[PDB]
Amino acid sequence: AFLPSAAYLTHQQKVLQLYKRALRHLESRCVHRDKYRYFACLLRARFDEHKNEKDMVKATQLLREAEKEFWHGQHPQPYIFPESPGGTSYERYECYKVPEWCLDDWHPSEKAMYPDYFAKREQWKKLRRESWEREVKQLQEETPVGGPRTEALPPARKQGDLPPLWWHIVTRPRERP
Amino acid sequence: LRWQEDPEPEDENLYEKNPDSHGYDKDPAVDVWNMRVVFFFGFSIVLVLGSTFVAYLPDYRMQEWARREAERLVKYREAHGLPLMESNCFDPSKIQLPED
Amino acid sequence: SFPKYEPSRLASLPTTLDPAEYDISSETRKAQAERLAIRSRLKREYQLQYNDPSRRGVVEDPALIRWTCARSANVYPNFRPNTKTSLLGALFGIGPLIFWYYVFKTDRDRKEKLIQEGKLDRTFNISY
Amino acid sequence: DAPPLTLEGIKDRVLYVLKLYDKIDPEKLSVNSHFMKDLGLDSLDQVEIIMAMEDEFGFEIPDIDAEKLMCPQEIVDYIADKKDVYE
Amino acid sequence: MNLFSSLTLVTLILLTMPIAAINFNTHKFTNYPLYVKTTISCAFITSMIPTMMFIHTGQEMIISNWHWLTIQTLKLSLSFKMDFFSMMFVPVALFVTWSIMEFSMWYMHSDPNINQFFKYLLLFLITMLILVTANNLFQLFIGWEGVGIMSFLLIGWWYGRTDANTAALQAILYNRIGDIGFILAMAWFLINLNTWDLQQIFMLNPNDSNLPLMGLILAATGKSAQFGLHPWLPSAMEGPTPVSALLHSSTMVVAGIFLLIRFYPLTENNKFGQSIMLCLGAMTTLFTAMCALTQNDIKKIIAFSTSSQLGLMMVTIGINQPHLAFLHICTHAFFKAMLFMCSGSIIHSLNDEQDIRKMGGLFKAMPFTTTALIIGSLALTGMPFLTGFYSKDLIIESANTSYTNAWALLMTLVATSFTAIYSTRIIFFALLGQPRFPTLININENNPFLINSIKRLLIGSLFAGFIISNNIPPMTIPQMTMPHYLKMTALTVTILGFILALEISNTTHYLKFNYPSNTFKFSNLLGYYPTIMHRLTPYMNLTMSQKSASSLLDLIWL
Amino acid sequence: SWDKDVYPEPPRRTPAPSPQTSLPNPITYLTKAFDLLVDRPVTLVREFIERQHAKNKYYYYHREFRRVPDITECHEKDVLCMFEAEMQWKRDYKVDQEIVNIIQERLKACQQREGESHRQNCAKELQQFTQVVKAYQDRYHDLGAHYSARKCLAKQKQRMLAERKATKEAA
Amino acid sequence: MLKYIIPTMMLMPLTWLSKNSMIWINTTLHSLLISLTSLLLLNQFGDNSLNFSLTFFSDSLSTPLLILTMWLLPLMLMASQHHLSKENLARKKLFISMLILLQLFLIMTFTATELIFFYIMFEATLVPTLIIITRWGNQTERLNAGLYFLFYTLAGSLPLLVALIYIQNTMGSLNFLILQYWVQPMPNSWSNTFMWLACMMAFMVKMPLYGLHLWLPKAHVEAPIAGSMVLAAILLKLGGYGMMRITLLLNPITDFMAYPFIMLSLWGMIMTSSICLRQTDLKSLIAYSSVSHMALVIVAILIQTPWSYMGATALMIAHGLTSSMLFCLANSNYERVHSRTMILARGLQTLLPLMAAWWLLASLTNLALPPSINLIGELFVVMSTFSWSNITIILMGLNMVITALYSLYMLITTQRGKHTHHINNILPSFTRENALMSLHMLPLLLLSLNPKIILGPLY
Ligand SMILES: CCCCCCCCCCCCCCCCCC(=O)OC[C@H](COP(=O)([O-])OC[C@H](O)COP(=O)([O-])OC[C@H](COC(=O)CCCCCCCCCCCCCCCCC)OC(=O)CCCCCCCCCCCCCCCCC)OC(=O)CCCCCCCCCCCCCCCCC
Ligand SMILES: CCCCCCCCCCCCCCCCCC(=O)OC[C@H](COP(=O)([O-])OCC[N+](C)(C)C)OC(=O)CCCCCCCCCCCCCCCCC
Ligand SMILES: CCCCCCCCCCCCCCCCCC(=O)OC[C@H](COP(=O)([O-])OCC[N+](C)(C)C)OC(=O)CCCCCCCCCCCCCCCCC
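What counts, and at which threshold
Numbers on residues come from counting from 1 along each chain's written sequence, not from the entry itself, and any residue without coordinates is not displayed. Chains carry letters from A onward and ligands carry numbers from 1 onward, assigned in written order. What is displayed is a subset of a larger assembly, so the values quoted cover only the displayed chains. Hydrogen atoms and water are omitted, and side-chain values are computed over all heavy atoms in the structure. Counting from the N terminus, the helices are DSSP H or I runs at least four residues long and the strands are E runs at least two residues long. Throughout this description, buried means an accessible area under 20% of the type-specific maximum (1.4 Å probe, protein chains only), exposed means over 50%, and partly exposed covers the range between. Contact between two residues is taken to exist if any of their heavy atoms lie within 4.5 Å; hydrogens are not considered. Residues counted as positive are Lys and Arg, residues counted as negative are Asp and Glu, and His and the chain ends are not counted. To locate a charge, take NZ of a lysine, CZ of an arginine, CG of an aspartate or CD of a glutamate. In this analysis, a patch consists of residues with relative accessible area above 30% that form no salt bridge, clustered at 9 Å for like charges and at 5 Å for the nonpolar side chains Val, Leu, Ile, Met, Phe, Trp and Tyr. Working definition of accessibility: Shrake-Rupley area with a 1.4 Å probe, residue cover restricted to the visible protein chains. Here, a salt bridge means any side-chain nitrogen of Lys or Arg that lies within 4 Å of a carboxyl oxygen of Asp or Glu. Only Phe, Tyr and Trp rings are paired, with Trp represented by its six-membered ring, and only when their centres lie within 6.5 Å; those with planes under 30 degrees apart are stacked, over 60 edge-to-face, the remainder tilted. Nearness of a residue to a molecule or strand requires only that one of the residue's heavy atoms be within 4 Å of it. Think of a polar contact as two N or O atoms within 3.5 Å of one another; within protein, one of them needs to be a possible hydrogen donor and the other a possible acceptor, and neighboring residues in sequence only count if both atoms come from side chains. Residue type decides the class: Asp, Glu, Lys and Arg count as charged, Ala, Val, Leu, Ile, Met, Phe, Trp, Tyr, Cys and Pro as nonpolar, and the leftover types, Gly among them, as polar. Put simply, buried area is how much 1.4 Å-probe accessible surface two parts lose in total, over both of them, once they are put together. To qualify as a nonpolar core, a set must consist of buried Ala, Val, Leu, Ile, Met, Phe, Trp, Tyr and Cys residues joined through side-chain atoms within 4.5 Å. Pairs of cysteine sulfur atoms within 2.5 Å are identified as disulfides in what follows. A pair of strands is labelled paired if DSSP reports no fewer than 2 bridges between them.

Method of structure determination, per the deposited record: cryo-EM was used for this entry, reaching 2.8 Å resolution.

So, in structure tokens, the structure goes:
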């Protein structure tokens, strides 16, 4: 459907995701824990009844009317985790997630308030800038003709090098600033 | 190929060569004195003394007088039994209507 | 059996209840792989400029520039006056103007006729 | 409020959940025990284990990551990634 | 005399002094939230003296102290009306706000913008006491738009979150649709009565006052979340908990009800306005209480609770009983602020958990929170001789015994039962039973800020109805003669609601899985009203704002 | 102060303090505390300021406009005289506006001061308000934003034609 | 008025004889001194206007527009000095000279005793504005706007010229003071109908009118910041000033010739406000907001009640300040991200908190938060149009919903949400920029204390 690595969903992935969404919407339907745990083993039995189905077209049809079953029996407001998308605390602290380059725009009177921090940030940036051209020339010889096929990136191969396209993943803001 | 062209100049940062730049000029003495001129003749001169001027305007468009004059005229015509305001602005004796 | 979900303009059909999502054919593999390839190439072309330290500015997005140029500039030079454009520019162009014209003219003629007949309660109406 | 998570704490809690699971014996369970190959579980059981992690720590692991967590060490490393432990 | 007006103005100037303090700052503060809480405590103490010397003699006055403008016949002066409504609302609002800020010094302690939060909350309090003390329509419009804008700024407090900005713009939209009617009322009074002052409106006493009262009813619809313009009050739970506690339960959302109580000599001589208020209030108190039966977010459930109580306030205005409605405002503030505070204490204890389906077992874990939540729910439902008994039951004792729309009365009683249903639903899923929250217990409430802040509103929710209703003078005649099946109406309907919802709650322990009914899908998706109109009315705007407005006419043809 | 005729205040009737219960009210103690802590220092500072007012006594005056000829006895298109007539008419327009504002202040203060018996006890102020609003409307309504003495004279002449025709059709 | 024209002209030897690093400081200082001098025009009277000479006069309509004009020059010199830093010194002095010449034209446009001197100065203001927009506009793509300027000249200023020469032959004068006392009623005839259109359509395009607003979201976009400031703040208000002068002569035919154009504005503010909900370009959004606010001034002038003129001149002053501040905020982001796309740079309250406070205050004045003079003007126009027709409140109030809707959307898009990742040149706020925002906003907030000086000649 829409994924970074694969261009599709395998049938095994579709079965597992439908099982998970069915259990989550079921737990939304079935608030109490022993009651949900009873119906959860019942639903696990219903999913393991046709676990050993060899015919992929028949399993496709069974998965399709299982999606119809799940859509007919879904909860209108299922339990979303608070920091899950659709939750009450979701993306709440994104107004506190200042990007790191703004530290470069500080005045030197407040840069001198934290001397060890910026004295270490200088060699962090030094590390980034002497890693950049090596990881660019790493990516230019491994990428096939026509660009990269999948969005996944190779790791650091040599010893001493850093993995390519790493600075915004490493220096990302904390989830609770 | 296309013509001989100077490349696109990059946007300068006024904080690099002067971390105390107010953004008025790149020369720091000119920048700080531009800041002092804008803040003194803008805020210390026009806003403060201007609000002091406007607040003590001598009866802007004679409103207060017109209240106090009314406080005369009502007192002149409550006491003499007159109505407080006539329905005619001018004297109806000095007016010649078209006859029919 | 079950109530079938009805899609709408503002209620789209889900990904799970669409049948063409369950295509297994190799031409769908080719289309999905080419979409993944274009998306991966554009992702790489983005985040080589994004993760560059020597760049300090705006990674310009020509799809965004192209979107704004379509929403602003491309409106007049691809116009052709025909039946559809003239009728739709006459419906929403001089329609509600005529509507509010006759509504406000009717109400003001009514109010003027009531005032010159001494009917409208204009007793304490001295601010206007 | 909001107590700090540690790799000792995340490790001990993930193993504490998996030792309360009736298809994993508490004597063969290690920190590198693979679910399908070493503990002999199903992908259905693996989805139930990742959902038990979601029940344990109070957030959600998405399915593109839930389809690949195949040891308790990957679970501890993923929660370390999504919680920023050992500051 | 010289004491009353002086301390009246001292209260408002004292509330404005920390705004000058936070705007004239250079240092980092020596606990500016404690400074604002101390200031609002002392402003409460200051406003107590004019209230006591009003209860002594009935002393009302007007302070038209500063001449501001004269548009040829309209002298707009800075004019403060100290009547019964201000003398009972100002100490209640300051007391509730003082408890909300001692709550917020605990709840909002992790926020690095805590000084901006207390600044915005004080700005809201200033605009609200501008609203409830204004003597002309213009100063009331100042306070009206002020509480609307501080509602915007306090819904969108976590401004990075998309849903908070969406809910804040939604609330601004519905409030400005109410402002259409408020400006309609100002326009009618200026043209036909040559005034925005209340005194000349009341002294001229117009008879063809259907159109300004329709404008005021549309204003109260936009402001008090009546039906048609309601869903922003459930949407506005995306802001922080003391925001929803102070503003959107007890203080801001009563201002449309306060606008209609303020204009009672026009409503008491217009039966059509009374009938429209009765129908709209009964519709809202039915609909929001029905939507509250099948929700799972606790802030949503208590927001539907406060909107159903606002609909009941609109009902008891609509039976020409405005002083009972205002007694219900002053009563409702205490226990509804306390219910939001206890719900947020549960939320902060359970690590930002708001969904009631992952709660439970909190009777002995959070004992003080459980005690105060039960007391707030019982004051909400109409337990005998709590504070909510001293107004709401009397509302029913005047809703039965009056020349009333019969279906409005029957829907009022169905709402009275539904209040008991969702109250014991909250107590069932959140306090009773066995736990459902995750495994790392960080449950704690032993801060003197939280405990004292819930404690003072607890003293209010126990004693304040008795104290106020024995300190207010009669302004109507209380209808006290009725048959015994009619006197026992509200109590029996409330207990029937408790019994029906206890049977519903004990059908949930059974090991059965039923398919969802159409009533459950209707009430859970909010009467389908925020699902359709929030999609359709923007769509039909914005395509019309692009295809024909921008592209067709104003880029090609014209 | 001001003039008690143009701003009339009926004689105040306060009741005597009649303490029936033995519990002492807080209001007398707070009144004595306000009289000591607040009224006295403010009054002393005001006496200092008033002594400094007495150390330089100087006066201002209410400007008087003698009546110039009005628009009726000015020639057509003679701007030197009808300018004077227009200035006189505009000063009278603003003064009539302030007369209406004085009667409104009377009506609002009567309504608040009478409280609940405002409908019974403010019939005379409401009658004066109805008369002055009828007078101001007959004199200055519907002129427009470019109002002048000529517009007011033409409205007066149209009203006088209507009154003369109404007098004629009654006989 | 000659104590204002001569210092404005002495700003030319002040700007050409100044040292190369001193030409912004000197012109800003002496233009702030002229703006402090500009308060002597507040000697207004309740009956008589302030009549200086045979050539110049000032009632309470022209006086606040004069004070706003003389105040706008230092703000334009502050706003336009950053993006002219790499400019040639002589071209920089040419820019300052065109600004000074535009102020010189405006301050004797508003005081013009006679109407053809008003016409000469009125059409003289277009030339330095034209040169500022097309020499410093940073891109010029005007393929459709040439034909529209031809339409402005054909349908606008030239029939006004022929009509004013006709009044000069008929009345014998075009002195507004004489025309106060020699005005004849303009009766119903076809000659008087074309007379009304000739007297009004130039000022209808200058406001602008809906349907005739096609120039304004182009000329605001293709301009420098000083050009957009003077277009939003003053150059639209020449149309309203000219309408309030020329509608003296157009009675009583206005009482039935206003009915089309009133519809064009009453529906028009419903459309353009809605157009602001679908703007990709922030500067175009502020342009369509300017159209949506000047529609009310068109209606308030055409219904010609006192409350409508008071509200219209208060709305003109307030909208001048507010929309000038909105264009300056749009430039304070454009000088960083180098694109006017409103969805490009988001979440800016995370990066610039004080500048987001200025965005919040300019949005609240844009959506008419009371007791600001935006709301006072808006409100008095709404009261007067309710006296015109009781149904129009709907078209008022619905506008007053949508005017709120795009005002906060402009706040929510640019300042709230998640910040854009790939933009890292977002510098902190320069003291120049914050000073520019404060010199817009603090006069606009102080005028709420004493609004009687911006309510026109019939307050
Ligand atoms: C003539 C003498 C007069 C003296 C009295 C003064 C009269 C008014 C003057 C102007 C008032 C505003 C000044 C501050 C705002 C602009 C600067 C700013 O943003 O500063 C933030 C900053 C504090 O924030 P920060 O944390 O330090 O940094 C910014 C944050 O990063 C990020 O910021 P943030 O988001 O955390 O906080 C921003 C916050 C955001 O808050 C809001 O947006 C809420 C505002 C709307 C709702 C509440 C108000 C509703 C209306 C009711 C109140 C008005 C009527 C009251 C009367 C009685 C009832 C009728 O704004 C405020 O707190 C501003 C408070 C005042 C707001 C006024 C209304 C603005 C709304 C739009 C117009 C409404 C109608 C017109 C009102 C006119 C009033 C006269 O303030 C300062 O540093 C102060 C600087 C110095 C201010 C001087 C003021 C006077 C200037 C005039 C000079 C000439 C006369 C001499 C007098 C000198 C007196 C000292
Ligand atoms: C004008 C047309 C051009 C427009 C642009 C202008 C740009 C150039 C600017 C030039 C200078 C400024 C000119 C306009 C000045 C306007 C101000 C002015 O003069 O006001 C006069 C007004 C005059 O008031 P007044 O009308 O009562 O004056 C009475 C007259 N005298 C003084 C002679 C007796 O000044 C004041 O009001 C000052 C009063 C004291 C200060 C204010 C105290 C209260 C302030 C609020 C307290 C907190 C409230 C709660 C807040 C809660 C949070 C929001
Ligand atoms: C710490 C701060 C306090 C100051 C400490 C230092 C001074 C010590 C204290 C003594 C002060 C001086 C003596 C008292 C003050 C002077 C009294 C006096 O007569 O002043 C003249 C006047 C009184 O008005 P007035 O009736 O005399 O004249 C009005 C002016 N005309 C007639 C031209 C229209 O002004 C003031 O008192 C100004 C202060 C007003 C206070 C409130 C300001 C609110 C501003 C809101 C703006 C928007 C309004 C919108 C709402 C309008 C209504 C709907």
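Asks: I'd love a proper account of the overall build of chain D, names of residues and values included.
Replies: Secondary structure summary: chain D contains 4 helices and 0 strands in total. When its helices and strands are written in sequence order, chain D yields α-α-α-α. For chain D, the spread of C-alpha atoms along the principal axes amounts to about 35 × 30 × 20 Å. Counting only residues that meet the buried cut, chain D has 48% of its 87 residues in that class. Considering only contacts in chain D between residues 6 or more positions apart, those separated by 24 or more positions represent 55%. The averaged location of the 22 negative side-chain charges in chain D is 4 Å from the averaged location of its 9 positive side-chain charges.

Asks: A description of a nonpolar patch on the surface should follow, citing residues and the corresponding values.
Replies: Residue and element names in this part refer to chain E. Residues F522, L525, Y528, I532, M533, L536, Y539 and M540 make up a contiguous nonpolar surface patch of roughly 640 Å² in combined accessible area. It is helix 23 (residues 529-542) that contributes the most residues to the nonpolar patch, 5 residues altogether. Among the structural elements, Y539 can be located in helix 23. Relative accessible area serves as the criterion here: at 31%, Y539 is assigned to the partly exposed category.

Asks: An account of the packing of aromatic side chains is needed here, citing residue identities and associated values.
Replies: Applying the stated criterion across every chain yields a total of 75 aromatic pairs over all chains. Relative to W388(G), the ring of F104(C) has its centre 6.0 Å away and its plane inclined at 75°; by these criteria the two rings are edge-to-face. Within this pair, whereas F104(C) is found in helix 3 (residues 83-116), its partner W388(G) is found in helix 18 (residues 373-388), the two belonging to separate chains. Across this residue pair, the class does not change: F104(C) and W388(G) are buried. With a centroid separation of 6.0 Å and an interplanar angle of 55°, the aromatic rings of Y390(E) and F466(E) are classed as tilted.

Asks: So what about the site of ligand 3? Which residues, and what values?
Replies: Ligand 3 sits among 14 residues. The nearest are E64(B), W66(E), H67(E), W68(E) and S77(E). This site is not confined to one chain, since residues near ligand 3 come from chains B, E and G. Residue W66(E) places a side-chain N or O atom 3.2 Å away from an oxygen atom belonging to ligand 3. For ligand 3, the protein covers 39% of the area, taking 1300 Å² as the surface of the free molecule. For the shell around ligand 3, the per-class residue count stands at 7 nonpolar, 6 polar and 1 charged.

Asks: Please give an account of the interface of chain G and chain E that cites residues and values.
Replies: Across the contact, 52 residues belong to chain G and 47 residues belong to chain E. Across the chain G/chain E interface, buried area totals approximately 4400 Å², and carbon plus sulfur atoms make up 75% of it. Linking chain G to chain E there are 0 salt bridges. If you list the elements that add at least two residues to the side of chain G that touches chain E, you get helix 14 (268-276), helix 16 (306-337), helix 17 (353-366), helix 18 and helix 19 (392-415) of chain G. Among the elements that take part in the side of chain G that touches chain E, helix 19 of chain G stands out by supplying 11 residues, more than any other. When its residues are assigned to classes, the side of chain G that touches chain E shows 36 nonpolar, 12 polar and 4 charged.

Asks: Tell me what's going on with the arrangement of the chains, and back it up with residues and numbers.
Replies: In this assembly, 16 pairs of chains are in contact, and the pair contributing the most contacts is chains E and G. Between chain B and chain D there is no contact; the minimum C-alpha to C-alpha separation amounts to 32 Å. Regarding chain D and chain F, the two do not touch, and the least distance separating their C-alpha atoms is 45 Å.

Asks: Would you mind going over the nonpolar core in detail, with residue names and values included?
Replies: In terms of nonpolar packing, the biggest core is built from 466 residues, with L15(E), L129(E), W196(E), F326(E), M204(G) and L266(G) touching the most fellow members. Among residues more than four places away in sequence, those in contact with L266(G) are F104(C), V299(G), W388(G), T392(G), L395(G) and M396(G). Of all hydrophobic cores here, the second largest spans 25 residues; its members include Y21(D), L29(D), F57(D) and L69(D).

Asks: Can you explain the site of ligand 2? Please cite residues and give values.
Replies: Taken together, 20 residues lie around ligand 2, and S51(B), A55(B), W66(E), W71(G) and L446(G) are the ones closest in. Each of chains B, E and G places residues near ligand 2. A distance of 2.5 Å separates an oxygen atom of ligand 2 from a polar side-chain atom of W66(E). Against a free-state accessible area of 1300 Å², the protein chains account for coverage of 62% of ligand 2. Of all the secondary-structure elements, those providing two or more residues to the shell around ligand 2 are helix 1 (28-55) of chain B together with helix 3 (62-79), helix 16 and helix 20 (431-446) of chain G. Each residue belonging to the shell around ligand 2 can be placed in one class, and the counts come to 17 nonpolar, 3 polar and no charged.

Asks: Could you give me a rundown of the state of the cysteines, with the residues and numbers involved?
Replies: All names here are of chain F. Under the defined criterion, the tally for this structure stands at 1 disulfide over all chains. Residue pairing for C110: its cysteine sulfur links by disulfide to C122, the two sulfurs lying 2.0 Å apart. Classification of the bridge connecting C110 and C122 rests on its S-S torsion, roughly -100°, and on that basis the disulfide is left-handed. One end of the pair, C110, is in helix 2 (residues 79-114); the other, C122, is in the loop between helix 3 (118-121) and helix 4 (123-140), and 12 residues separate them in sequence. Across this residue pair, the class does not change: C110 and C122 are buried.

Asks: Describe the pairing of strand 2 (residues 74-82) of chain E, and please don't skip the residues or the numbers.
Replies: Residues and elements named next belong to chain E. Counted residue by residue, strand 2 has 8 buried out of 9 residues, so it is predominantly covered. Where strand 1 (residues 61-71) lies against strand 2, 9 bridges are found, and the strand directions are antiparallel. Across the sheet, the residue bridging to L69 is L76, located in strand 2. Hairpin connection, strand 1 to strand 2: the antiparallel pair is bridged by 2 residues, and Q72 has positive phi, about 65°.

Asks: With reference to specific residues and values, describe the interface of chain A and chain D.
Replies: Facing the 23 residues of chain A at the interface are 21 residues of chain D. When chain A packs against chain D, close to 2000 Å² is buried across both sides, 50% of that on carbon and sulfur atoms. Where chain A packs against chain D, one counts 9 salt bridges. Run the count over chain A and chain D and you get 12 residue pairs in polar contact. Among the secondary structure elements, those contributing two or more residues to the side of chain A that touches chain D are helix 1 (11-29) and helix 2 (33-48) of chain A. Residue composition of the side of chain A that touches chain D, grouped by class: 7 nonpolar, 4 polar and 12 charged.

Asks: Go over unusual backbone geometry, please, and point to the residues and values.
Replies: All names here are of chain G. A cis amide bond, omega -5°, links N251 with the succeeding residue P252. Inspection of the secondary structure assignment puts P252 in the loop between helix 12 (237-246) and helix 13 (254-266). Here the amide bond leading from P370 into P371 is cis, since omega sits at -5°, within 30 degrees of zero. Along the polypeptide, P371 turns up in the loop between helix 17 and helix 18.

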